[PDB]
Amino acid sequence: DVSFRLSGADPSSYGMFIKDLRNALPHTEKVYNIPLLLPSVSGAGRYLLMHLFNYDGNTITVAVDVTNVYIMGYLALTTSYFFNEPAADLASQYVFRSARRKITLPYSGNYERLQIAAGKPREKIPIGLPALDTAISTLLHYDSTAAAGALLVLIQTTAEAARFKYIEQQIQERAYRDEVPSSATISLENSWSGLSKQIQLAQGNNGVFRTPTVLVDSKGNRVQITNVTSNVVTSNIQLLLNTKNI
């Protein structure tokens, strides 16, 4: 399992959590020095449990699929909650079985569905460590509209930061003040599967992407990624989604 406490948290302790979360995901191979997530993991071993604690010390446990870093559901007190999707229903056969009750959320876990439920796109929802404290608090008692926004914060400040060094740094900059994600952050989230695929196809193709990935950069300018020498590949992406799952 991995853990993070918002009480006393700083950029340093958040960076330790994100390192722990990365190191908890199994791999047997690296591709261009980046860990390649497993094609599949059978049984309960396919779920990592993240124990998150709000500033007041209350906690939820989040279940993460180790092959794709997708959050499946979470436990809050004696109630489990799962996204309305087959992967999550399958996860509910393995995790938080001891919960008194299981609620299926009224939406799947994809960004588009969550944004619909929350009533706003990611671009307008501030993220940061204070926003993560709020999200944990919100998830502690069921409210499916408030939970959608909370989950958009939770996904970005955990899974997306594990996947991209730049996003981890963006959250560290928001340790004590929330701010909506940069356009580059949104860009990277949206391109993770694409990037992971192109880096894996570059093996067999002399480090060259079969198809170029379009991204927005730090200064807000729109760049094209064509090969593994790009900073996105050498210094940013930390985990690769297996092409078997793409």
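Just count from 1 along the sequence shown to find any residue number.
Mean CA B-factor: is it higher for 98 to 106 or for 156 to 164?
So the stretch with the higher mean C-alpha B-factor is 98 to 106.
Highest mean C-alpha temperature factor of the two stretches 217 to 225 and 64 to 72, which is it?
Going by the record's values, the stretch with the higher mean is 217 to 225.
Name the third of the chain's ranked CA B-factors that contains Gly149, choosing lowest, middle or highest.
Lowest third - that is where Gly149 ends up once the chain's C-alpha B-factors are sorted.
Within this chain, which third does the Cα B-factor at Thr234 fall in: lowest, middle or highest?
It falls in the middle third of the chain.
Among the chain's modelled residues, which third holds the C-alpha B-factor of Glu173?
For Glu173, the deposited C-alpha B-factor lands in the middle third.
Thinking about Cα B factors across the chain, which third does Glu112 belong to?
Tercile = highest for this residue's CA B-factor.
Using the B-factors in the PDB entry, rank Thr78's C-alpha atom against the chain and give the third, lowest, middle or highest.
Top third by C-alpha B-factor.
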